[PDB]
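The next block holds one structure in the form of structure tokens; read it before the comments.
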Amino acid sequence: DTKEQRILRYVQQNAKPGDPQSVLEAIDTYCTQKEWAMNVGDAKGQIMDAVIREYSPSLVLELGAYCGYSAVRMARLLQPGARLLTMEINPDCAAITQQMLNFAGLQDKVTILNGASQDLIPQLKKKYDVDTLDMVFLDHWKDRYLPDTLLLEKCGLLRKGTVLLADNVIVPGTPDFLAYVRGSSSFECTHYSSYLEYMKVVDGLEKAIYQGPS
Ligand SMILES: Cc1cc(C(=O)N2CCN(C)CC2)sc1-c1cc(O)c2nc[nH]c(=O)c2c1
Ligand SMILES: Nc1ncnc2c1ncn2[C@@H]1O[C@H](CSCC[C@H](N)C(=O)O)[C@@H](O)[C@H]1O
Ligand SMILES: [Mg+2]
């Protein structure tokens, strides 16, 4: 028995199959009541929703799936024929995410890439026929926000207007990523102040929109 297995079991036992919203509510509730977990959460999640609806991205890359929360959260808002790719380094997590998605009936929108973002990113074009990404959600590991951003730019995966949206720019924090995007002419940055999931510690998401080469 693992915490993530408990979360998936709670969903299967409580959420309406095929209804993404009830799946989100089931997760939020269990982690609000029984056991904190690092899902992006409902407060930050509403900000994500608002940004998704603005940009209506056809191709979203997620870094870090975990239990599938934000994948569910995002894919439920995708237009028909839009796809989300999510990268997960931990097999136990990737398979729980696959199940969470299957239960919400979003499996056909979502493709889980198993492995480390740094290894998978260079393989997107060949193995998944990706041209450029419309949106990227950074939410794996703070140390990799900056390295992986440079990777994406280098692998030609960013176009003018690509939206990078980063979670935890305040807690646990991503100082170097923040300083880089805020300092670079290649990004237009906006900060959304929210709260750490299932808590009232202050956190935020950063939107950094790629402007193209300088
Ligand atoms: C693991 C962890 C602990 C945090 C914290 O301050 N505390 C936790 C424990 N509780 C009890 C107090 C407060 S915040 C956080 C966290 C939150 C995310 O949203 C993350 N997203 C992606 N990848 C991460 O590593 C990630 C970690
Ligand atoms: N370098 C990396 N490449 C791919 N996945 C990574 C990674 N570093 C950490 N991860 C994974 O990213 C997850 C961070 S928590 C992700 C939560 C998710 N975005 C949500 O809001 O629901 C963890 O499951 C961790 O195993
Ligand atoms: Mg997070």
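Labels for the structure tokens follow display order: chains A, B, ..., residues from 1 in each chain, ligands from 1.
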Query raised in the report: Which residues come within 10 Å of residue 93 (chain A), counting only C-alpha atoms, excluding same-chain residues fewer than 4 positions away, as a ChimeraX atom specification?
Result: /A:4-5,64-68,88-89,97-99,114
For the residues selected in the previous step, produce a file with C-alpha atoms as a PDB file, in the first residue's frame.
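See result.pdb below for the written result:
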```pdb
ATOM      1  CA  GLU A   4      -0.795   7.200  -4.522  1.00  0.00           C
ATOM      2  CA  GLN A   5      -2.558   3.796  -4.596  1.00  0.00           C
ATOM      3  CA  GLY A  64       5.434  15.494 -14.154  1.00  0.00           C
ATOM      4  CA  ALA A  65       2.219  13.463 -14.081  1.00  0.00           C
ATOM      5  CA  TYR A  66       2.314  11.961 -10.574  1.00  0.00           C
ATOM      6  CA  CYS A  67      -1.278  10.741 -10.005  1.00  0.00           C
ATOM      7  CA  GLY A  68      -2.841  12.306 -13.096  1.00  0.00           C
ATOM      8  CA  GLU A  88       6.664  10.840 -15.828  1.00  0.00           C
ATOM      9  CA  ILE A  89       9.926   9.439 -14.491  1.00  0.00           C
ATOM     10  CA  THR A  97      -1.868   8.246 -13.966  1.00  0.00           C
ATOM     11  CA  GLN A  98      -2.877   5.934 -16.816  1.00  0.00           C
ATOM     12  CA  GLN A  99      -5.591   4.488 -14.567  1.00  0.00           C
ATOM     13  CA  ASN A 114       7.593   7.111 -19.318  1.00  0.00           C
TER      14      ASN A 114
END
```
Report task. Pull the alpha helix (DSSP H) assignments for chain A out of DSSP run on the backbone, and list those residues as an NGL selection string. Result -> :A and (3-14 or 20-33 or 42-55 or 69-75 or 91-104 or 117-120 or 124-128 or 142-154 or 175-183)
**Report entry** Within 12 Å of residue 132 (chain A) using only C-alpha atoms, minus same-chain residues under 5 positions, as a ChimeraX atom specification
**Finding:** /A:57-61,121,124-125,152-163,210
Pull C-alpha atoms from the residues just selected and write them as an mmCIF file, in the first residue's frame.
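Written output follows (out.cif):
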```cif
data_model
loop_
_atom_site.group_PDB
_atom_site.id
_atom_site.type_symbol
_atom_site.label_atom_id
_atom_site.label_comp_id
_atom_site.auth_asym_id
_atom_site.auth_seq_id
_atom_site.Cartn_x
_atom_site.Cartn_y
_atom_site.Cartn_z
ATOM 1 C CA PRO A 57 -3.719 24.915 -27.105
ATOM 2 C CA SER A 58 -3.770 22.019 -29.571
ATOM 3 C CA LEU A 59 -0.660 20.392 -28.091
ATOM 4 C CA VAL A 60 0.204 20.576 -24.407
ATOM 5 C CA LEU A 61 3.308 19.065 -22.824
ATOM 6 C CA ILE A 121 12.366 15.824 -24.664
ATOM 7 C CA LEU A 124 9.462 14.172 -29.145
ATOM 8 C CA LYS A 125 9.744 15.042 -32.836
ATOM 9 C CA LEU A 152 12.996 22.722 -25.335
ATOM 10 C CA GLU A 153 14.346 25.858 -27.006
ATOM 11 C CA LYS A 154 17.316 23.912 -28.340
ATOM 12 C CA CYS A 155 15.274 20.951 -29.627
ATOM 13 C CA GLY A 156 13.266 23.538 -31.579
ATOM 14 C CA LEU A 157 10.096 22.708 -29.640
ATOM 15 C CA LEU A 158 9.126 26.313 -28.894
ATOM 16 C CA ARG A 159 7.396 28.757 -31.229
ATOM 17 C CA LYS A 160 6.638 32.459 -30.758
ATOM 18 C CA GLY A 161 3.627 32.511 -28.384
ATOM 19 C CA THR A 162 4.271 29.126 -26.761
ATOM 20 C CA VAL A 163 3.013 29.370 -23.184
ATOM 21 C CA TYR A 210 8.227 32.464 -25.568
#
```
Requested in this report: Name the residues of region 18-104 of chain A that fall into strand (DSSP E or B) according to DSSP on the backbone, using the chain letters and numbers of this document, as a PyMOL selection string.
Outcome: chain A and resi 59-63+83-88
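The nearest approach to ligand 2 among the residues A:180, A:137, A:187, A:30, with only C-alpha atoms and all ligand atoms taken into account, belongs to A:137.
Separating CA of residue 28 (chain A) from CA of residue 94 (chain A) is a distance of 19.1 Å.
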**Report entry** Distance criterion (only C-alpha atoms): nearest to residue 149 (chain A) out of A:77, A:15, A:43, A:181
**Finding:** A:181
Report task. Measure the distance from CA of residue 92 (chain A) to CA of residue 52 (chain A) in Å and round it to one decimal. Result -> 27.7 Å
Requested in this report: Output the neighbourhood of ligand 3 as JSON, numbers by chain, that is, all protein and nucleic acid residues with some atom at most 8 Å from the ligand, counting only C-alpha atoms and all ligand atoms.
Outcome: {"A": [38, 39, 40, 139, 140, 167, 168]}
Query raised in the report: Got a sec: who's within 9 Å of residue 188 (chain A), counting only C-alpha atoms, leaving out chain neighbours fewer than 5 positions off, as a PyMOL selection string?
Result: chain A and resi 181-182+207-211
List all protein, DNA and RNA residues that have any atom at most 10 Å from ligand 1, counting only C-alpha atoms and all ligand atoms, and write the list as a PDB file with N, CA and C atoms, in the first residue's frame.
```pdb
ATOM      1  N   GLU A  35      -4.832  13.078   3.484  1.00  0.00           N
ATOM      2  CA  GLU A  35      -3.413  12.943   3.158  1.00  0.00           C
ATOM      3  C   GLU A  35      -2.934  13.938   2.110  1.00  0.00           C
ATOM      4  N   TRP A  36      -2.262  15.000   2.535  1.00  0.00           N
ATOM      5  CA  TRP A  36      -1.669  15.940   1.591  1.00  0.00           C
ATOM      6  C   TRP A  36      -0.852  15.205   0.506  1.00  0.00           C
ATOM      7  N   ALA A  37      -0.853  15.771  -0.698  1.00  0.00           N
ATOM      8  CA  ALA A  37      -0.072  15.251  -1.815  1.00  0.00           C
ATOM      9  C   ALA A  37       0.198  16.404  -2.781  1.00  0.00           C
ATOM     10  N   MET A  38       1.187  16.230  -3.650  1.00  0.00           N
ATOM     11  CA  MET A  38       1.642  17.347  -4.476  1.00  0.00           C
ATOM     12  C   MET A  38       0.909  17.451  -5.818  1.00  0.00           C
ATOM     13  N   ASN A  39      -0.413  17.318  -5.780  1.00  0.00           N
ATOM     14  CA  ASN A  39      -1.229  17.666  -6.936  1.00  0.00           C
ATOM     15  C   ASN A  39      -1.234  19.190  -7.044  1.00  0.00           C
ATOM     16  N   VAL A  40      -1.317  19.719  -8.262  1.00  0.00           N
ATOM     17  CA  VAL A  40      -1.333  21.173  -8.409  1.00  0.00           C
ATOM     18  C   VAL A  40      -2.444  21.824  -7.561  1.00  0.00           C
ATOM     19  N   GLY A  41      -3.568  21.127  -7.377  1.00  0.00           N
ATOM     20  CA  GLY A  41      -4.607  21.590  -6.466  1.00  0.00           C
ATOM     21  C   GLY A  41      -5.716  22.395  -7.130  1.00  0.00           C
ATOM     22  N   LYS A  44      -4.763  26.727  -7.487  1.00  0.00           N
ATOM     23  CA  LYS A  44      -3.869  26.898  -8.616  1.00  0.00           C
ATOM     24  C   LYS A  44      -4.486  26.312  -9.881  1.00  0.00           C
ATOM     25  N   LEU A  63       5.159  18.328 -17.706  1.00  0.00           N
ATOM     26  CA  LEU A  63       6.330  17.722 -17.092  1.00  0.00           C
ATOM     27  C   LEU A  63       5.952  17.329 -15.665  1.00  0.00           C
ATOM     28  N   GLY A  64       5.837  16.016 -15.445  1.00  0.00           N
ATOM     29  CA  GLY A  64       5.434  15.494 -14.154  1.00  0.00           C
ATOM     30  C   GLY A  64       3.956  15.184 -14.099  1.00  0.00           C
ATOM     31  N   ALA A  65       3.612  13.892 -14.153  1.00  0.00           N
ATOM     32  CA  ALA A  65       2.219  13.463 -14.081  1.00  0.00           C
ATOM     33  C   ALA A  65       1.796  13.157 -12.644  1.00  0.00           C
ATOM     34  N   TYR A  66       2.631  12.396 -11.939  1.00  0.00           N
ATOM     35  CA  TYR A  66       2.314  11.961 -10.574  1.00  0.00           C
ATOM     36  C   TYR A  66       1.056  11.069 -10.555  1.00  0.00           C
ATOM     37  N   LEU A 138       5.232  23.017 -16.532  1.00  0.00           N
ATOM     38  CA  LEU A 138       6.373  22.566 -15.734  1.00  0.00           C
ATOM     39  C   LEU A 138       5.983  22.309 -14.290  1.00  0.00           C
ATOM     40  N   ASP A 139       6.109  21.061 -13.863  1.00  0.00           N
ATOM     41  CA  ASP A 139       5.656  20.702 -12.534  1.00  0.00           C
ATOM     42  C   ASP A 139       6.255  19.353 -12.152  1.00  0.00           C
ATOM     43  N   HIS A 140       7.491  19.115 -12.583  1.00  0.00           N
ATOM     44  CA  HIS A 140       8.196  17.910 -12.152  1.00  0.00           C
ATOM     45  C   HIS A 140       9.098  18.189 -10.936  1.00  0.00           C
ATOM     46  N   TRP A 141      10.297  18.703 -11.198  1.00  0.00           N
ATOM     47  CA  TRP A 141      11.278  18.924 -10.139  1.00  0.00           C
ATOM     48  C   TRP A 141      12.005  20.247 -10.342  1.00  0.00           C
ATOM     49  N   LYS A 142      11.913  21.115  -9.337  1.00  0.00           N
ATOM     50  CA  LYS A 142      12.461  22.467  -9.411  1.00  0.00           C
ATOM     51  C   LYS A 142      13.828  22.574 -10.094  1.00  0.00           C
ATOM     52  N   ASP A 143      14.731  21.649  -9.786  1.00  0.00           N
ATOM     53  CA  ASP A 143      16.071  21.678 -10.377  1.00  0.00           C
ATOM     54  C   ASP A 143      16.057  21.595 -11.912  1.00  0.00           C
ATOM     55  N   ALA A 166       4.500  27.453 -15.108  1.00  0.00           N
ATOM     56  CA  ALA A 166       5.330  26.760 -14.124  1.00  0.00           C
ATOM     57  C   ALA A 166       4.686  26.779 -12.758  1.00  0.00           C
ATOM     58  N   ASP A 167       4.626  25.630 -12.098  1.00  0.00           N
ATOM     59  CA  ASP A 167       4.044  25.570 -10.757  1.00  0.00           C
ATOM     60  C   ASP A 167       5.159  25.678  -9.706  1.00  0.00           C
ATOM     61  N   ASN A 168       4.826  26.172  -8.512  1.00  0.00           N
ATOM     62  CA  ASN A 168       5.784  26.214  -7.396  1.00  0.00           C
ATOM     63  C   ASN A 168       6.965  27.164  -7.602  1.00  0.00           C
ATOM     64  N   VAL A 169       6.725  28.274  -8.283  1.00  0.00           N
ATOM     65  CA  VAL A 169       7.782  29.263  -8.439  1.00  0.00           C
ATOM     66  C   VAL A 169       8.127  29.918  -7.072  1.00  0.00           C
ATOM     67  N   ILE A 170       7.261  29.734  -6.073  1.00  0.00           N
ATOM     68  CA  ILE A 170       7.522  30.248  -4.723  1.00  0.00           C
ATOM     69  C   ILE A 170       7.810  29.137  -3.704  1.00  0.00           C
ATOM     70  N   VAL A 171       6.985  28.089  -3.693  1.00  0.00           N
ATOM     71  CA  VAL A 171       7.210  26.954  -2.788  1.00  0.00           C
ATOM     72  C   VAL A 171       6.990  25.629  -3.503  1.00  0.00           C
ATOM     73  N   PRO A 172       8.013  24.747  -3.487  1.00  0.00           N
ATOM     74  CA  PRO A 172       9.310  24.932  -2.817  1.00  0.00           C
ATOM     75  C   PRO A 172      10.213  25.993  -3.463  1.00  0.00           C
ATOM     76  N   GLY A 173       9.824  26.534  -4.619  1.00  0.00           N
ATOM     77  CA  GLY A 173      10.616  27.575  -5.261  1.00  0.00           C
ATOM     78  C   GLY A 173      11.444  27.101  -6.454  1.00  0.00           C
ATOM     79  N   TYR A 195      -2.010  29.868  -3.787  1.00  0.00           N
ATOM     80  CA  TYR A 195      -1.641  29.193  -2.545  1.00  0.00           C
ATOM     81  C   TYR A 195      -1.209  27.760  -2.802  1.00  0.00           C
ATOM     82  N   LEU A 196      -0.253  27.296  -2.010  1.00  0.00           N
ATOM     83  CA  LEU A 196       0.190  25.911  -2.091  1.00  0.00           C
ATOM     84  C   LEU A 196      -1.008  24.972  -1.933  1.00  0.00           C
ATOM     85  N   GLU A 197      -1.083  23.960  -2.798  1.00  0.00           N
ATOM     86  CA  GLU A 197      -2.182  23.003  -2.786  1.00  0.00           C
ATOM     87  C   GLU A 197      -2.564  22.552  -1.376  1.00  0.00           C
ATOM     88  N   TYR A 198      -3.874  22.463  -1.138  1.00  0.00           N
ATOM     89  CA  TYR A 198      -4.430  21.948   0.115  1.00  0.00           C
ATOM     90  C   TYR A 198      -3.812  22.615   1.347  1.00  0.00           C
ATOM     91  N   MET A 199      -3.415  23.877   1.190  1.00  0.00           N
ATOM     92  CA  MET A 199      -2.791  24.647   2.272  1.00  0.00           C
ATOM     93  C   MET A 199      -3.037  26.139   2.071  1.00  0.00           C
ATOM     94  N   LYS A 200      -2.422  26.951   2.924  1.00  0.00           N
ATOM     95  CA  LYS A 200      -2.547  28.391   2.807  1.00  0.00           C
ATOM     96  C   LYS A 200      -1.191  29.099   2.846  1.00  0.00           C
ATOM     97  N   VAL A 201      -0.126  28.310   2.713  1.00  0.00           N
ATOM     98  CA  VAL A 201       1.180  28.840   2.349  1.00  0.00           C
ATOM     99  C   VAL A 201       1.043  29.556   0.993  1.00  0.00           C
ATOM    100  N   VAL A 202       1.735  30.680   0.822  1.00  0.00           N
ATOM    101  CA  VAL A 202       1.702  31.378  -0.457  1.00  0.00           C
ATOM    102  C   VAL A 202       2.602  30.688  -1.486  1.00  0.00           C
ATOM    103  N   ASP A 203       2.073  30.542  -2.699  1.00  0.00           N
ATOM    104  CA  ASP A 203       2.816  30.001  -3.831  1.00  0.00           C
ATOM    105  C   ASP A 203       2.326  30.753  -5.064  1.00  0.00           C
ATOM    106  N   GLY A 204       2.818  30.387  -6.243  1.00  0.00           N
ATOM    107  CA  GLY A 204       2.286  30.972  -7.465  1.00  0.00           C
ATOM    108  C   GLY A 204       2.640  30.170  -8.698  1.00  0.00           C
TER     109      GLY A 204
END
```
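Proximity ranking of A:120, A:104, A:85, A:136 relative to ligand 2 places A:120 first, based on only C-alpha atoms and all ligand atoms.
Considering only C-alpha atoms and all ligand atoms, the residue among A:205, A:72, A:135, A:84 positioned nearest to ligand 2 is A:72.
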